[PDB]
Amino acid sequence: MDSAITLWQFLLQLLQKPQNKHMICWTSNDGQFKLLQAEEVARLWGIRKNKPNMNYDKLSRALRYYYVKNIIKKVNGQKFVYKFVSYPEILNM
DNA sequence: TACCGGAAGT
DNA sequence: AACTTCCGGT
Ligand SMILES: [Zn+2]
Ligand SMILES: [Zn+2]
């Protein structure tokens, strides 16, 4: 009985609340964001999905799977920085 | 330590 | 399917 929330939706959720700006913030006005506190975001994700051993290593692997899906891409040469391929298009399905 | 995609588990 | 868990190579 966990949250049916998706990982990219969960990130979008954190990005909506100022309370989480210290751990994840927007770095552009076109979908780019940065995991300021990557392990903290990962622990939060594990609590949500009920995976106590969740860490940034495995969360990042999930993000890498989004490259193929064209949901999220990596911002090359910028640690912890990623970009939503089509934000906010992904919010008006 | 970050990032990457293959392979297998849930 | 959408991750989760490992692994070895850049
Ligand atoms: Zn639209
Ligand atoms: Zn390794």
Side-chain angles (χ1 to χ4, degrees):
Chain A
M1 187 220 98
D2 47 293
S3 181
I5 183 97
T6 233
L7 169 71
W8 65 259
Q9 288 169 358
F10 170 79
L11 292 178
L12 243 31
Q13 235 135 234
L14 296 173
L15 249 5
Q16 197 46 44
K17 310 285 166 77
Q19 319 97 256
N20 316 289
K21 241 197 83 83
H22 67 282
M23 81 177 80
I24 178 166
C25 66
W26 290 112
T27 53
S28 97
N29 66 341
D30 71 349
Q32 206 156 320
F33 66 96
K34 172 170 187 353
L35 304 162
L36 300 187
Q37 298 299 145
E39 296 299 350
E40 184 178 8
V41 170
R43 290 194 295 267
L44 205 56
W45 172 234
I47 281 166
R48 192 73 31 165
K49 289 271 256 88
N50 227 275
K51 303 284 174 194
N53 308 127
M54 183 45 65
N55 57 30
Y56 180 53
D57 186 6
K58 295 175 267 183
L59 187 154
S60 71
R61 185 59 190 94
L63 285 178
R64 283 200 287 287
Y65 268 129
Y66 284 152
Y67 297 170
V68 188
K69 270 140 118 185
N70 258 276
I71 282 177
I72 279 157
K73 84 203 242 338
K74 181 79 181 71
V75 163
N76 292 336
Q78 299 208 224
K79 266 153 122 188
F80 306 115
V81 182
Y82 290 86
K83 191 196 168 151
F84 263 90
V85 168
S86 261
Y87 173 75
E89 214 36 85
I90 190 168
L91 282 202
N92 332 248
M93 256 140 206

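In what follows, chains carry the letters A, B, and so on, assigned in the order in which the sequence lines appear, proteins first and then strands, with residues in each chain numbered from 1.
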Pairwise distance [atom1]([X]) to [atom2]([Y]) - rounded to 0.5 angstrom:
X	Y	atom1	atom2	answer
A/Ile72	A/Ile90	CD1	CD1	7.0 Å
A/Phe33	A/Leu11	CZ	CG	5.0 Å
A/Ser3	A/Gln13	OG	CD	7.0 Å

- Transitively linked via ILVMFWY side-chain contacts under 4.5 Å: A/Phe10 with A/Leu12? yes

- Query: Linking I/L/V/M/F/W/Y whenever any side-chain heavy atoms sit under 4.5 Å apart, do A/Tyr87 and A/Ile5 land together?
  - Reply: yes

- Could you tell me which non-hydrogen atom of A/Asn55 sits nearest to which non-hydrogen atom of A/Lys58, and how far apart they are?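 Looking at all heavy atoms of both residues, the shortest contact is OD1-N, 3.0 Å.
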
- Heavy-atom side-chain contact between A/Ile71 and A/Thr6 under 4.5 Å: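 SC-SC contact between A/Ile71 and A/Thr6 ruled out.
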
- Note on the structure: Hits for side chain to side chain contact (heavy atoms under 4.5 Å, CB included) against A/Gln16, two or more places apart or cross-chain, chain-then-number order -> none

- Just jot down the side chain to side chain contact (heavy atoms under 4.5 Å, CB included) partners of A/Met1, sequence neighbours excluded, or say none.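 In terms of side chain to side chain contact (heavy atoms under 4.5 Å, CB included), with neighbours along the sequence ignored, A/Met1 is linked to no residue.
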
Can you give me every donor-acceptor pair (side chain of residues 74-81 of chain A, partner residue at least two apart or in another chain, under 3.5 Å) with its distance?
{"from": "A/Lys74", "atom 1": "NZ", "to": "A/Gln78", "atom 2": "O", "distance (Å)": "3.0"}
{"from": "A/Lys74", "atom 1": "NZ", "to": "A/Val81", "atom 2": "O", "distance (Å)": "2.9"}

Donor-acceptor pairs under 3.5 Å, side chain of residues 34-53 of chain A to any protein atom, not counting sequence neighbours: which ones?
{"from": "A/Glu39", "atom 1": "OE1", "to": "A/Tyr56", "atom 2": "N", "distance (Å)": "3.0"}

Atom pairs and distances, donor-acceptor, side-chain atoms in residues 19-28 of chain A, under 3.5 Å, two or more places apart:
{"from": "A/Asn20", "atom 1": "ND2", "to": "A/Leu14", "atom 2": "O", "distance (Å)": "3.3"}
{"from": "A/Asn20", "atom 1": "ND2", "to": "A/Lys17", "atom 2": "O", "distance (Å)": "3.4"}
{"from": "A/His22", "atom 1": "ND1", "to": "A/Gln19", "atom 2": "O", "distance (Å)": "3.0"}
{"from": "A/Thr27", "atom 1": "OG1", "to": "A/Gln32", "atom 2": "O", "distance (Å)": "3.4"}
{"from": "A/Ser28", "atom 1": "OG", "to": "A/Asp30", "atom 2": "N", "distance (Å)": "2.9"}
{"from": "A/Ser28", "atom 1": "OG", "to": "A/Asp30", "atom 2": "OD1", "distance (Å)": "2.3"}
{"from": "A/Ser28", "atom 1": "OG", "to": "A/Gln32", "atom 2": "N", "distance (Å)": "3.2"}

- Task: Evaluate the ring planes of A/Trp8 and A/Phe84, with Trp represented by its six-membered ring, and classify them as parallel (under 30°), tilted (30 to 60°) or perpendicular (over 60°).
- Result: perpendicular

- Only pairs at least two apart or in different chains count here, so list each salt bridge (charged side-chain N to carboxylate O under 4.0 Å, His left out) that has a residue in residues 59-71 of chain A.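 Sorted pair list comes back empty.
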
